[PDB]
Structures are given as C-alpha cells and as structure tokens.
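J.: Before I ask anything, let me first share the structure, which is written out below as structure tokens.
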Amino acid sequence: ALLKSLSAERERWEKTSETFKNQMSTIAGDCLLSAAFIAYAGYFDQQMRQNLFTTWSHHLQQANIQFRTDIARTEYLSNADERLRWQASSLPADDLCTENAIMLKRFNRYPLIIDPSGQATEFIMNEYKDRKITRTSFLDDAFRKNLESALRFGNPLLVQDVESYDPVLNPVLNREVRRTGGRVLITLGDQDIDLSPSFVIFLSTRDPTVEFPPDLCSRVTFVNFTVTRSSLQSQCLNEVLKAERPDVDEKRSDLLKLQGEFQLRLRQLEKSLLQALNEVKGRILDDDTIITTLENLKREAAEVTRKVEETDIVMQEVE
Amino acid sequence: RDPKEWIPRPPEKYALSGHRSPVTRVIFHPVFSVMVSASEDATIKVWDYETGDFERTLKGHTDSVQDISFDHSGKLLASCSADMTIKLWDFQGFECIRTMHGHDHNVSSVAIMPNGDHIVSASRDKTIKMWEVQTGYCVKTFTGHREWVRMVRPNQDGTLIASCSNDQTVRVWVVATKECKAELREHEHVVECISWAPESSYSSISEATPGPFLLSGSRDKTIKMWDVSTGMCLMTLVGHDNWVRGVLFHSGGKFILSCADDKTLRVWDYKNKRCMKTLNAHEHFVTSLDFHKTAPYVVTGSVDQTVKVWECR
Amino acid sequence: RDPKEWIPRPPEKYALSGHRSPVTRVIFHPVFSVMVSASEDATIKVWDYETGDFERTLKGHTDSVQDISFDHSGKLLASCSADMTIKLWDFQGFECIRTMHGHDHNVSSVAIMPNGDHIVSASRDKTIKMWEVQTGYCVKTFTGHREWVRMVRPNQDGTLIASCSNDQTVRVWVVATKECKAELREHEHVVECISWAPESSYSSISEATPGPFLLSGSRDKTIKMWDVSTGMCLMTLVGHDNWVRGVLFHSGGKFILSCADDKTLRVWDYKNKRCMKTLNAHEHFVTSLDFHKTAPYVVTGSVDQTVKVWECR
Amino acid sequence: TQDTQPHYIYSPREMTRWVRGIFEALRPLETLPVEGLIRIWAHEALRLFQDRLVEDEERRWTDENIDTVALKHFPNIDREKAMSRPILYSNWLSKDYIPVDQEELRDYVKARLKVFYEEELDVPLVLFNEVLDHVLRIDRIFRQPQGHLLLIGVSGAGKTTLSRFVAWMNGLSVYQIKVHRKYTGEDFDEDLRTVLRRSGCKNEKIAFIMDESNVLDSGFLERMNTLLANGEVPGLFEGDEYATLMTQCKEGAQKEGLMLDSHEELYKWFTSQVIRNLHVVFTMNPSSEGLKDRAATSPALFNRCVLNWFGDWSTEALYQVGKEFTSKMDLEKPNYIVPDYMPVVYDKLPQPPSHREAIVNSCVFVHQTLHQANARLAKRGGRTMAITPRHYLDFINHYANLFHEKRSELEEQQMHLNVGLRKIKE
Ligand SMILES: Nc1ncnc2c1ncn2[C@@H]1O[C@H](COP(=O)(O)OP(=O)(O)O)[C@@H](O)[C@H]1O
C-alpha cells in the first residue's frame, strides 16, 4: 500500500531528477534575462517591456546560449505563497502589477513607484503593515524629523510627492555608508545618524508625466503602475458581475479563494511529505510515523480529488 | 657584531606566515625571546624569532587589532582593535585580564609609559584618553586635534607624549601640565608614524647638525626630525617611493630604520644626508617594523599576511 | 618537545559536533590555522582546531562528498562526490568555481599534485580522468583498472601516481608515459587507503632493511609497506582486529598512525613491530585521520556524526 | 573649431601649459633620452589636446596625428619605444614623475581602494583603463596650483567618487555644499565664506566638489566665476565678518611666520592662500544647450578650468566591468558551440569566445539595446528617462544575486529528491 501510494510521487521525482541536468544549463541565460528585466524594464509600459524581452531573447538565441523559453518571466521570480500574499494585500492580478511587486520585493536601488491609480500606495501600506511603516511627503514640514526617526529606528518609510525632490536623501539613496566596526553610520545634513539594517524607503508619484533629472534617474529605480487591456477588462467584467449577477459574482469569489487555499494545502502536502520521508533516519518499513505520512497522503489525495468539482463549477461560471 | 653597526642583510632568516589578514604591527619582547604580531583578523599571534617557529595564537578581540605595546618588565601586553576595545594581557598565563571601554570610535594605537602604571591611547574620535592600568578607569581625556589621530607615543620619562593625526600636524603633549607644548605643522600630507630619540643619540644628532628630538614620518614620502624645544624641524629625509608607515632609531643611536609602502625597507645615515641601503622587504606594502635592543634582529610585518625576520649583520 | 615523538594522548582535545551525517574525509590546511571536514550530508564544514569554534559551511553538492584535497598554495579546494561531479572552491571568497563532468559512476577519490595545474579523479567507472584547473576540461585518461578504484594519491615529486582498487591490487602508474610501471597480485582482499613516504621517512625505511616507498592498508587483516624499486612487499603489519580504514605517516618520518573498525588508534614501529599505545577513539567505526606537519594535532573522522581533535605530547 | 563644439577653443595658453608640463616632467629626472623626451611630449600632447574631445573618431585622429607628427619631425627613432598603447605617467609609484604600466598601476590602485573603503566610502569599485586614466588626470590637475576641474559626463558614471578618491589620496579635504530645499544665496555665501576661511586662514587643502544640480541661482554662478578667475570674491566679506576675517588672517600669518599689518597686504596674502589651497571640481551632464549656456554665463568654467569629458561608459568599459563582476561565478560550459553568425557588440572580442565572454558581450548588448529603445521611444513622441551606468551595475548585481539564489534552490531541491529516492529504494 505504501509503494502504491508513493509511486505517484516517484514517477515525477525521477523525471525531475533527469530534467535537473538540463535545468542546470539554462540557469545562466534565464537569470540573465530575469536580471535584465528586473533592473531595466521598470519605467516602460507592457508593449515596450515585451519588446525589450523579445530583443534580449533573440540575442541569446543568436548567441547559442540556452534559455528556458517556456516559462513566465514573473512565474520564474515569484512564488505561489508570496503571490497569494500580494493578492491578499490589494494587488491587481495582472502580470504587469505582479512584475511590479516582484521589482518592489527584489529591488537593489530604492524604488520610485509611479501610481496614478493609487493602487501601489495601498499595496505597500498593506504589505508593510507588520513593520511600522509611516507615510510622509517631501513637502511636509515634519519630513526631516520623520526621516531621522525611521533611519534611527529601522522602520520602513514611504515618501510621497517626489516631484518636489528634497536633496538631503542623496547619501541615503547612494548608500554612502561609513562602517564603525560592526556599527553602521551615515551622514545626513548636519548630523550623523545610526542607519539600522532593516530600513527601506519608497518614493511615490501620482503623475505619469513627470520629467526627472538624470541624477535622480540614476539614484532610484522606476516602478511604473500603468493600466493594461487585460487588467481593465478583468476589472470591468468583475464590476459587471457585481452589479448584475451578485450571486454568481460572490460564489465565483468564494470558489477562487477555495481554489487558492486548496492549492496552498497541496503544496503543504508536497513539502511535508518530502521533508518527512527525507528525515526518516532509518528503515521506513520499521516505523509508525511512516504510517502517519501515509494517512496524510491519503487524506490529501482525497482533497485533491475533491478539488475537481470546484474546478468544474468554476468552469461553468467562467463560460 | 657591534650594536653600533647592526644592519639587516638579504635574505630574511625566516618567513613566518599564518595570518588570515594583513599584519599591522610587530614588536619585540624585552626579557623573554618573543616576537608578537597584530593583524586584521583580531588574532594577535605570538612567534619565537630565535628558531623561527610558530608559538601560540591569542584571540581576544572581535575586529582588527591595530597596535600593541609592552611595559618596562614585558609581562603585560596591551592591544587595541576596531571594536572600540583595549585589552590588557599577561605573559605568565597568556590570559586576557582587563578589557577597557570608553572610546567613541576606532582606537588606533596604545602605549604604556615605562613607569607601567598608566596607558595612553589615540583613536578616531580626535582624542587621547589618559587611562590607568590598576582599575581600568579613564583618568582624563586629551583634546585638541581636528581629525583622526594615527598613533600616540610617550618619551623616556613619561612626561611628554606626541601624536600624529590626519590634519597634517604632530602635537606634543605634556603629561604634567596637561597642555600642548609645541605643536608644529610642516608635512604637506597626512603624518602616520612618529618616534622619539633614544638616550644614546643626542650627541649623534648634535654632530650631524639638548633636545628633546621627535621623529615624524608622513605619507608624502618624507621623514623629518623635529626638536620639541625649538618648535622647528631639523631636516627632511626623502627617498621613499610611497607612503612612509614606520620610523625607528638604532641601538647605536647613529642610524634610522624606516619602512614604507614602496615594498622596501630602508636604513639611513643622517650624517651625510643620503640613503645608504635599500632592502627589498616584501612583495606588498610594509606596515611596520621593530628593532631589538639587545639582539641583531629586525621584524617587519606587511599586508601580504607574512612576518619576516632579518638578521642585522 | 621534539616532533619525533608526537603521539596523541587520552582524552581527546576537542569534541566537535554538528554533522547530521557520517564524516568521510578530514584534512588540515597548509598555512592557515583552520581545517575542513567532509560528510555524507552533501556539506563541507570548516572548523578552527585551535579553539574549536564553528566558522561556516560549504553547501554546493547534491550528494554525499567522498574525498577532499588541498594544494600547496592553500587557495584551491578539491571535492569529489557521488553526483558524478567534482567541485572547485576558493578560500578567499568561499564560493563554487567550476562544475565538472565526465564520470558516469561514483567518484571516490580526488587529489591535486603539488604543481597546481591538474586534478586526478578515481571513480567506480574503472578509469581515472585527468582534468584541468584553469579551464575544467578533460585532457588525459587513465585506463587499465577492472574494478572500483578506491583511493588515488600522487607522489610528492608528482612524477608517479598511485591508485588502489578493489581487485586485490595496488597498480601504480606513470603520469607522463601512461603506463603501469609496477603491478602486483599479493593482497587477499580490497585495499582501502594509501600514503606516500616523505623525505625524512625515505632514509628511515632505507636503514630499516634509493626509494621511493609506498604504504597500503587492505581489508585482508594486513597492513603492508610497498617498494617500487623491487616491486615487493618489504614488511607486513598485523595486530588490528577489524577492517582497516585510514593510515598515515608522521612528520618526522619515523612513526606510523593507523585507524581501524575496532575503534582503535594503534601506533606501531618498524624496529620492533608491536603496538606501544592502543587508544580508543569513538563509539562507532572510524573513517579517516590527519596529522599536522608543523603542529601536534591529530584529528579523528568517523561515521558517528562526530569529529574529534587530539593533542600530541 | 568652435562650431562643432563650444569648448573647442585653442590658444597659445595650451602651448604654455605644454611647455611647463614638459618642464616639471624633466625637472627632477636628470637623465633622459630622446625616446623619453618624445614620450613625455606625446603624453602632455594627449592630456592637453584629447581630454576635452567628445567623439572617439576625433580622439583617434588626435592619436594618429601625434604618431605621424613625431615620426615626421623625429627620423631614425624607435617608434615602439617612444610611443605605445598605455602612455601613462604617474608619481604614485615613485617620488619622480615617471612612466608607469597598467598592471602595476591597477594593483596599486586596488590596494589603495582597499585602504580607502575603510576610511571614507565603503562602496565597492571596479577597475578599468578609463578609470585609471581618469584618476591620473584628476591627480595631475590636483597637484598644480589653482587646479580646477570641469568633468563632463552622464550622471552615475562615478565622477565625484573618482574625484573623492583622488582628493583623499592627495591629502585634499572634500567639501560639498549639501544643498536642499529653501537653500538660498545667503546660505551659499555662508558656505563659501566657511570654505574660504578654511582654505586661506587655516592653510588646508580643499577639494570644493560641487555639481550643476547644486546651482540654484545666477548668483551662485557669479560667485563661482569670480572665485575661479580671481581667487577672491569682493563683497562677500562685509560688516563684522570682514573684521573677523582680518583677525583670523593676521593670526594665520603669525602662525605661519609671516609678519603682516594693515589690511591690504593681509588680504593679498589671504588671496594668495586661497589661490594655492582651494580646488574646485565642477560636474555636470553633457548637453547641446546647457554647455553653450554655461560657456556664455561663466567664462571661467571654460578658461580657468581644465575640462575633462568623461561621457558615457564605452562598450570596452562595459565589457571589462561586466567581466570583472561576473568572474567569481561559475559560467563556463566546456561543450559550448560558437554560432557562425557571431553577433558581436564589443570590438576586439577574443575569437572564439568562451561562454562567459559570450554572455558578458550579451550584457553589453542589453545595455546597448536599451539605449536604442530609449532613443526610439523618445523619437516616437513619448517622454523618456535617461539611462545610466548605475543601471548597468544594478543589472550585473541582480544577475549575481539571481544566479546564486536559483543555483542554491536547485541544488537543495535536487539533494532532497536524491535522498528521498535513495530511501524509497531502501
Ligand atoms: N568604476 C566603478 N566601478 C564600480 N562602481 C562604480 C564605478 N564608478 C561609479 N560606480 C558606482 O556608481 C555610483 C556613482 O555615484 P556618483 O559618483 O555620486 O554619481 P555621479 O558620477 O553622477 O556623481 C557610485 O555609488 C558607485 O557605487
């Protein structure tokens, strides 16, 4: 019974073991494309982002460097759990905002978000809620004191109104940091301020048509929250369902949440089973914890079987 | 031979290595034959120069130890590292005794006067703190520099201390009057190393041209002899191709030993104004040197994580 | 004391724990006061033997690493595992350098002869490949073994290469002419480990009964020393009660250190051929040992997930 | 000529600078052959007639002209010994101004940067031939009295960092005005009087680093014009500040030993000290209109200042920085097949290129095609945002981070899977 239950995992584990040798060779090209996208394609819109990615892919193909061409440039960088957390924290479900959240999570220079819609501001507020984030503006009188407090205390900060840029942030954004042994010290204006390692700053914009000086363009990373055809189509379709077919819309939302939870629990199954069978520390035939793993596997086989009817009812609702 | 004519000769006697980081300072032990080195990995390794073998490793610091110094008896060792700590060690047990805190920034050097009851230290907080060894307390703090102080050093009787700092000045401070005696500024670039005249060289400098005489080497590839009393330089010695990091006298009181960042060790005679020998020390920058009072041995630390022993012939 | 009589004494100096899996091979660094250990959980942990503190781990392998090797420069790390690959690591950045392929079976031994230009690799595929350092490409290939090659070790001059396999023979080869200069069939069981006689041991073996000489330890209840000039067994060491696993020579070239599966660290001699000190090491079987050339430290590697260091007096 | 670029003005001032450059290059050297004389003539010629140029074609024309003029006027000469590729001169490796080679210069600069990271700026730097040439040019300007600089280059190219490194290593003290909002001409004049007091009365070297973005009014540029041209700003010290300056200047003259009274000779000595001690480095971005505007509104910036055109990083610079940053990571495939189309974007690429060479060339292509895409988007009609070498450094750092992260994840998952299959086989 154990082997019959675990053959379903063996038949794919051996396949992935064989695939790993090929997957070792695509790492360089795939990471090259991913890094170029995540450091270069921030300000541009969807069409220009796709044009740049196509140009880079064509050059890698012409240079005989193998890259995984059957993966999504956002699925390669994002995990399912962090995608679920972002979708919970008011992020739009389109690939553009998913890439923007990828760049916000994996930033190297401090990002400059441009959200005319105001979605990125509330997304950042919801995401950095456990850490005490504080909203402030460059035009606010209590900006220097708030920046000093955030720098001293290691609290994330979001600065709106970057059009009126206040140039005291040049050492912070350039990371001109003096290391006092193990201590970290940075100058700011007329004072030397202890820079805590767990400090991040986001600069915000509510106007797409703002011209920035090249020094700021070098110092910050642009994250453009534009609007795309697929996103607007999905938003309008959801609003039409909410207004006209409320029962259909609410059961669609409930089924989408249930499908997400079911996929999360299936991934939890896979991780738990792999880590439990990894650390048996002996013969699997001579233990009862293996029987506990078998019971977990059969219960989760039952739930992954019951996911199919949810898929069917989602299919009828979407058609 | 005669300690008057002790001069190192190529090649080195031993090539001692084992540090994981560049070596900052090397000094000799006065009583028992120990050469102890300080490095950038918080390891103060103890070596034996008589037979050229590794002896022991003393790890008490958490960041790069900068300078080490002894007392009149040689049984007490002090060290200073980038983690704002001064540590006093013994050699009867090779055990750390008392840690010393109170400086704001990187402590740059420490020194113990021959009376042995007090220890001075210069740091990056532009101050020299007057400590005491008995209870680990700061007696008072010298103040008056403008920038980071490179190292501090007392005279023979422990009443005049001098210090070199990044502001192109070398200030002599009186331990008695607690006031700067004669601050002189003549080097164009940062001064890095200083030294004092020994008891058996006043006649030598007087013939080459009382006292007291103060040495000072800087990063402008020059070495200057200064008289503390007159507040004026005697002369400027040139010849180094890069930054000078250490200057020291000789047992006979007639020679000047100095190492620089030009990957050479140079020993000079100041009577006839010129360099007399240029010894290729390392393959990288030479950080420091020390000269044995009673033995013909010279130790020179460096950045390439090696300590070399030269025999004075 | 003199290093000619450095035997480990009970109890152990440091008991280092932290390995999840059996430990395979343990070696000492040439210049740094640090040492690495290879275990069965696809990790290479590094420990400071002087103070017994954990430094870091090196995880870049996907299967159990079997053997590790240094060079004379002490900057490049070799490691062979069961994942059909060998991996190079640098000691200044502590990162992977090159992933190499070419063996379709488990690789059990790896070493670098002191020129620092190429690598040997003994694997289960009845062959030994010659791979390069600066490029990572196969240039030459040994052929002639017909069973699993267990351990490969290059001679100190590097002109002679020695390999022992599971076919009751220890076939030594020539690196240049690609020819097995001495093959013999006298072992009764599988030979496990080999070692090379130093220059100090050359004269000792010559006066015991010129050179070079060789030693092999085999599962046939016998440990014997080989000679390449005559191609004959010069002596046989008997007295261990179980399967032998690791054996090595002393720094002074006069003593012998061995470990077996009876949880013993039995030191012997060639003049008298009896064990003057049998010492218990672990609770489980023992894999590998290492004695420092310039330090009195013996490290014990065993499958009991624990590595111990012993002090020689 | 001046119609090609506004700063392309030539005068016998450059011949005088050439003559004196050769003079202090031959002053303490005391033993030189004609090969060395031609070499220093060529080096000063390059430093005076090539720094202000914009286009690599013009730079190649200058190099060819130096070679052919030296050949024409100096027959039966050793061309290879006289002129070569690096032609670098330095005074860091020796007390005298002697020629140096790139390898030893790079080793020394890397060691000095290791020393420099601890003291002021703990930001890593990558070395290449343009950086070596730039630090030597900035050092050469900083050594001479009244040495002022005008660095023309895109933002994020490292102008102020190279200036800070050279200033630190030459004993200069770096000063920046720390501009912010509501920063007015009164605050600028207070900063100017503080730096002038420090440079004249206190007798210290100051590298007054300032930027075009730090200019907020025409009074800023007027004061900078007067200070650059004359070494003094009349009307800056008024009221009790004039009396304070006179007291401090008399104290400084007493401290340095010179006996001074009255006010006229004291102020003249203060002007001489400011001339001998204060260095101004001005950094802006290249512009067709802005450069002409600065030439009109401040002739001192184009007369009394030595102009260096850093510009954008070249493809050779991008290739070398990418290769040096991607050297610690594993990138070599032994079974690599070179494509026969050979898309190459960096000339003098090794042939056949290996895998790491090919992908660093690919990174250079990625930067180049972003340049082209930005130009196309600007020409279409939409708004554009300037691209900087900071973006290339960000891209290469993201490449390193993503490579290490993905490799670690893949190896961990493969190891877990292998142990799981071994246990199920058991
Ligand atoms: N040669 C180089 N190698 C590596 N990094 C560099 C180099 N030059 C510049 N940088 C990086 O680029 C940044 C440039 O900052 P800065 O000099 O203030 O910009 P600007 O050149 O516009 O003044 C620095 O923070 C530095 O980290």
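Chains: A, B, ... in order of the structure tokens. Residues: from 1 per chain. Ligands: from 1, in order shown.
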Hey, which residues come within 8 Å of ligand 1 if we count only C-alpha atoms and all ligand atoms? Could you give them as number ranges by chain?

T.: A: 174-176, 215, 218; D: 123-128, 131, 153-162, 283, 321, 389-390, 393

J.: Would you mind exporting N, CA, C and O atoms of the selected residues as a short mmCIF file (atom, residue, chain, number, x, y, z; two decimals), in the first residue's frame?

T.:
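Contents of part_29.cif, freshly written:
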```cif
data_model
loop_
_atom_site.label_atom_id
_atom_site.label_comp_id
_atom_site.auth_asym_id
_atom_site.auth_seq_id
_atom_site.Cartn_x
_atom_site.Cartn_y
_atom_site.Cartn_z
N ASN A 174 22.28 56.90 -2.34
CA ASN A 174 23.57 56.44 -2.85
C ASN A 174 24.24 55.44 -1.93
O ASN A 174 25.24 54.83 -2.34
N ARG A 175 23.72 55.26 -0.72
CA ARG A 175 24.26 54.33 0.28
C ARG A 175 25.72 54.64 0.60
O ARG A 175 26.55 53.74 0.73
N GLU A 176 26.04 55.92 0.73
CA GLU A 176 27.36 56.34 1.19
C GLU A 176 27.45 56.08 2.69
O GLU A 176 27.07 56.93 3.50
N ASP A 215 20.30 62.70 -12.34
CA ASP A 215 20.90 62.23 -11.09
C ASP A 215 19.90 61.39 -10.30
O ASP A 215 20.24 60.30 -9.83
N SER A 218 19.34 58.11 -12.05
CA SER A 218 20.36 57.13 -11.71
C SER A 218 20.16 56.58 -10.31
O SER A 218 20.32 55.38 -10.08
N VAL D 123 31.98 51.76 -0.44
CA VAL D 123 31.26 51.30 -1.62
C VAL D 123 32.27 50.67 -2.57
O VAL D 123 33.34 51.24 -2.80
N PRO D 124 32.01 49.47 -3.09
CA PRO D 124 33.00 48.81 -3.94
C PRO D 124 33.14 49.49 -5.29
O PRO D 124 32.20 50.09 -5.80
N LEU D 125 34.33 49.38 -5.86
CA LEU D 125 34.63 49.95 -7.16
C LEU D 125 35.31 48.90 -8.03
O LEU D 125 36.05 48.05 -7.55
N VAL D 126 35.06 48.99 -9.34
CA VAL D 126 35.61 48.08 -10.32
C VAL D 126 36.58 48.85 -11.20
O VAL D 126 36.28 49.97 -11.64
N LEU D 127 37.74 48.26 -11.46
CA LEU D 127 38.84 48.96 -12.12
C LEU D 127 38.88 48.64 -13.61
O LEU D 127 38.71 47.48 -14.01
N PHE D 128 39.11 49.67 -14.41
CA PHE D 128 39.36 49.52 -15.84
C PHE D 128 40.15 50.73 -16.34
O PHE D 128 40.40 51.70 -15.61
N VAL D 131 39.09 54.25 -15.92
CA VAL D 131 39.18 54.70 -14.53
C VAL D 131 40.62 55.06 -14.18
O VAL D 131 40.87 56.06 -13.50
N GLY D 153 30.09 64.45 -17.97
CA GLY D 153 29.72 63.05 -18.05
C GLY D 153 28.30 62.83 -17.59
O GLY D 153 27.72 63.66 -16.89
N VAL D 154 27.76 61.68 -17.99
CA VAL D 154 26.41 61.30 -17.58
C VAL D 154 26.40 61.03 -16.08
O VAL D 154 27.42 60.67 -15.48
N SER D 155 25.24 61.25 -15.46
CA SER D 155 25.12 61.01 -14.03
C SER D 155 25.28 59.53 -13.71
O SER D 155 24.92 58.66 -14.51
N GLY D 156 25.84 59.25 -12.54
CA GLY D 156 26.09 57.88 -12.15
C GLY D 156 27.30 57.24 -12.79
O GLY D 156 27.46 56.02 -12.68
N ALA D 157 28.15 58.02 -13.45
CA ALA D 157 29.35 57.48 -14.07
C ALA D 157 30.54 57.42 -13.12
O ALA D 157 31.58 56.87 -13.50
N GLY D 158 30.42 57.96 -11.92
CA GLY D 158 31.48 57.89 -10.94
C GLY D 158 32.40 59.09 -10.88
O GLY D 158 33.52 58.97 -10.37
N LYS D 159 31.96 60.25 -11.39
CA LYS D 159 32.82 61.42 -11.44
C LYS D 159 33.21 61.89 -10.03
O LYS D 159 34.39 62.04 -9.72
N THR D 160 32.21 62.08 -9.17
CA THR D 160 32.52 62.59 -7.83
C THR D 160 33.18 61.53 -6.97
O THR D 160 33.94 61.87 -6.07
N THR D 161 32.96 60.24 -7.26
CA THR D 161 33.64 59.21 -6.48
C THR D 161 35.12 59.13 -6.85
O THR D 161 35.97 58.99 -5.97
N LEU D 162 35.43 59.23 -8.15
CA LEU D 162 36.83 59.28 -8.55
C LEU D 162 37.51 60.53 -8.02
O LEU D 162 38.66 60.48 -7.57
N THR D 283 30.96 69.35 -11.77
CA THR D 283 30.45 68.21 -12.51
C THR D 283 29.06 68.51 -13.03
O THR D 283 28.17 68.90 -12.27
N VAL D 321 33.94 45.85 -16.98
CA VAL D 321 33.30 45.85 -15.67
C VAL D 321 32.39 44.63 -15.52
O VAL D 321 32.34 44.01 -14.45
N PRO D 389 25.11 54.28 -16.21
CA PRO D 389 25.88 53.09 -15.81
C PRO D 389 25.51 52.54 -14.44
O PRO D 389 25.83 51.38 -14.15
N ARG D 390 24.84 53.33 -13.60
CA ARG D 390 24.26 52.79 -12.37
C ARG D 390 23.27 51.68 -12.68
O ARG D 390 23.19 50.69 -11.96
N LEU D 393 25.29 48.56 -13.49
CA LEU D 393 25.79 47.96 -12.26
C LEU D 393 24.68 47.25 -11.50
O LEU D 393 24.89 46.15 -10.97
#
```

J.: Applying 9 Å and only C-alpha atoms, which residues near stretch 298-301 of chain B remain after dropping the ones on its own chain fewer than 6 positions away? List them as number ranges by chain.

T.: B: 8, 22-28, 35, 37-39, 49, 259, 265, 281-282, 286-292, 307-312

J.: Can you write just those residues out, N, CA, C and O atoms, as a CSV table (one decimal), in the first residue's frame?

T.:
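And here is the file that came out, part_0.csv:
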```csv
chain,number,residue,atom,x,y,z
B,8,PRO,N,70.5,45.1,8.8
B,8,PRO,CA,70.0,43.9,8.2
B,8,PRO,C,70.5,43.6,6.8
B,8,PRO,O,70.9,44.6,6.1
B,22,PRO,N,45.9,41.0,6.7
B,22,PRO,CA,47.1,41.8,6.8
B,22,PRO,C,47.6,42.0,8.2
B,22,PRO,O,46.9,42.2,9.1
B,23,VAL,N,49.0,42.0,8.3
B,23,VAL,CA,49.6,42.2,9.6
B,23,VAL,C,49.9,43.7,9.8
B,23,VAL,O,50.4,44.4,8.9
B,24,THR,N,49.5,44.2,11.0
B,24,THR,CA,49.6,45.7,11.2
B,24,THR,C,50.9,46.0,11.9
B,24,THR,O,51.7,46.8,11.4
B,25,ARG,N,51.1,45.5,13.1
B,25,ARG,CA,52.3,45.8,13.9
B,25,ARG,C,53.0,44.6,14.4
B,25,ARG,O,52.4,43.6,14.7
B,26,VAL,N,54.3,44.7,14.5
B,26,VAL,CA,55.2,43.7,15.1
B,26,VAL,C,56.1,44.4,16.1
B,26,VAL,O,56.6,45.5,15.8
B,27,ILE,N,56.2,43.8,17.3
B,27,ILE,CA,57.1,44.3,18.4
B,27,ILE,C,57.9,43.2,19.0
B,27,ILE,O,57.5,42.0,18.9
B,28,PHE,N,59.0,43.5,19.6
B,28,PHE,CA,59.9,42.6,20.3
B,28,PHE,C,59.6,42.6,21.8
B,28,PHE,O,59.2,43.6,22.4
B,35,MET,N,58.6,37.4,19.6
B,35,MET,CA,58.1,38.4,18.6
B,35,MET,C,56.6,38.2,18.5
B,35,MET,O,56.1,37.1,18.1
B,37,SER,N,52.9,39.6,16.9
B,37,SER,CA,52.4,40.3,15.8
B,37,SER,C,50.9,40.6,15.9
B,37,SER,O,50.2,39.8,16.5
B,38,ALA,N,50.4,41.7,15.3
B,38,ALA,CA,49.0,42.0,15.3
B,38,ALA,C,48.5,42.1,13.9
B,38,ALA,O,49.2,42.6,13.0
B,39,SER,N,47.3,41.7,13.6
B,39,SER,CA,46.8,41.6,12.3
B,39,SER,C,45.4,42.1,12.1
B,39,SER,O,44.9,42.7,13.1
B,49,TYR,N,61.3,34.2,17.5
B,49,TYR,CA,62.2,34.6,16.4
B,49,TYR,C,63.6,33.9,16.5
B,49,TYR,O,64.4,34.0,15.6
B,259,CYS,N,60.4,51.9,7.2
B,259,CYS,CA,59.7,51.1,6.2
B,259,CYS,C,58.5,51.9,5.6
B,259,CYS,O,57.9,52.7,6.3
B,265,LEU,N,62.5,48.1,2.7
B,265,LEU,CA,63.0,48.5,4.0
B,265,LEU,C,64.2,49.3,3.8
B,265,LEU,O,65.2,48.8,3.1
B,281,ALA,N,61.9,44.4,1.0
B,281,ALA,CA,61.3,43.7,2.2
B,281,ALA,C,60.3,42.7,1.7
B,281,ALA,O,60.5,41.5,2.0
B,282,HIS,N,59.2,43.1,1.1
B,282,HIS,CA,58.1,42.2,0.7
B,282,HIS,C,57.7,42.3,-0.7
B,282,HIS,O,58.4,43.0,-1.5
B,286,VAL,N,54.6,47.3,3.3
B,286,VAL,CA,55.2,47.1,4.6
B,286,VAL,C,54.6,48.0,5.6
B,286,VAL,O,54.6,49.2,5.4
B,287,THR,N,54.0,47.4,6.6
B,287,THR,CA,53.2,48.2,7.5
B,287,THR,C,54.0,48.8,8.7
B,287,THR,O,53.7,49.8,9.2
B,288,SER,N,54.9,48.0,9.2
B,288,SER,CA,55.6,48.4,10.5
B,288,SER,C,57.0,47.7,10.6
B,288,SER,O,57.3,46.9,9.7
B,289,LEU,N,57.7,48.0,11.6
B,289,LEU,CA,59.0,47.4,11.9
B,289,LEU,C,59.2,47.5,13.4
B,289,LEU,O,58.6,48.4,14.1
B,290,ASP,N,60.1,46.8,13.9
B,290,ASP,CA,60.6,46.9,15.3
B,290,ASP,C,62.1,46.4,15.4
B,290,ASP,O,62.5,45.5,14.6
B,291,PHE,N,62.8,47.0,16.3
B,291,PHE,CA,64.3,46.7,16.4
B,291,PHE,C,64.6,46.2,17.8
B,291,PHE,O,64.2,46.9,18.8
B,292,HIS,N,65.2,45.1,17.9
B,292,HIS,CA,65.6,44.5,19.2
B,292,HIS,C,66.7,45.4,19.8
B,292,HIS,O,67.7,45.8,19.2
B,307,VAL,N,55.2,37.7,8.1
B,307,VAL,CA,56.1,38.4,9.0
B,307,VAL,C,57.5,37.8,8.7
B,307,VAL,O,57.7,36.6,8.8
B,308,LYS,N,58.4,38.7,8.5
B,308,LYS,CA,59.8,38.4,8.1
B,308,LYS,C,60.8,38.8,9.1
B,308,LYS,O,60.6,39.8,9.7
B,309,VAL,N,61.8,38.0,9.3
B,309,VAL,CA,62.8,38.2,10.3
B,309,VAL,C,64.2,38.4,9.6
B,309,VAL,O,64.6,37.5,8.8
B,310,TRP,N,64.8,39.5,9.8
B,310,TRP,CA,66.1,39.9,9.2
B,310,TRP,C,67.1,39.9,10.3
B,310,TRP,O,66.9,40.5,11.3
B,311,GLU,N,68.3,39.4,9.9
B,311,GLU,CA,69.4,39.4,10.9
B,311,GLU,C,70.3,40.6,10.6
B,311,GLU,O,70.7,40.8,9.4
B,312,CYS,N,70.7,41.4,11.6
B,312,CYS,CA,71.5,42.6,11.4
B,312,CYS,C,73.0,42.1,11.4
B,312,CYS,O,73.5,41.7,12.4
```

J.: Dump as a count of residues only the residues of chain D that approach chain C to within 6 Å, counting only C-alpha atoms.

T.: 3

J.: What lies within 7 Å of residue D:28 using only C-alpha atoms, ignoring chain neighbours under 2 positions off, as a list in words?

T.: residues 26, 30 and 96 of chain D

J.: Since we have the selection now, will you write its residues out, keeping N, CA and C atoms, as an mmCIF file, in the first residue's frame?

T.:
```cif
data_model
loop_
_atom_site.group_PDB
_atom_site.id
_atom_site.type_symbol
_atom_site.label_atom_id
_atom_site.label_comp_id
_atom_site.auth_asym_id
_atom_site.auth_seq_id
_atom_site.Cartn_x
_atom_site.Cartn_y
_atom_site.Cartn_z
ATOM 1 N N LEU D 26 60.600 67.110 -16.643
ATOM 2 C CA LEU D 26 62.043 66.972 -16.778
ATOM 3 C C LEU D 26 62.811 67.609 -15.627
ATOM 4 N N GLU D 30 66.629 64.270 -14.495
ATOM 5 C CA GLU D 30 68.079 64.463 -14.584
ATOM 6 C C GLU D 30 68.833 63.456 -15.455
ATOM 7 N N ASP D 96 59.368 60.605 -8.332
ATOM 8 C CA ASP D 96 59.506 61.381 -9.555
ATOM 9 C C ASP D 96 58.430 60.994 -10.560
#
```

J.: Select from chain A every residue with an atom at most 12 Å from any atom of chain C, then for each give the shortest pair of atoms and their distance in Å to one decimal, using only C-alpha atoms, rows by chain and rising number, as a Markdown table.

T.:
```
| residue | atom | partner | partner_atom | distance |
| --- | --- | --- | --- | --- |
| A:17 | CA | C:62 | CA | 11.1 |
| A:20 | CA | C:62 | CA | 11.0 |
| A:21 | CA | C:83 | CA | 10.8 |
| A:24 | CA | C:99 | CA | 10.3 |
| A:25 | CA | C:99 | CA | 11.1 |
| A:278 | CA | C:41 | CA | 11.4 |
| A:279 | CA | C:20 | CA | 10.3 |
| A:281 | CA | C:21 | CA | 9.9 |
```
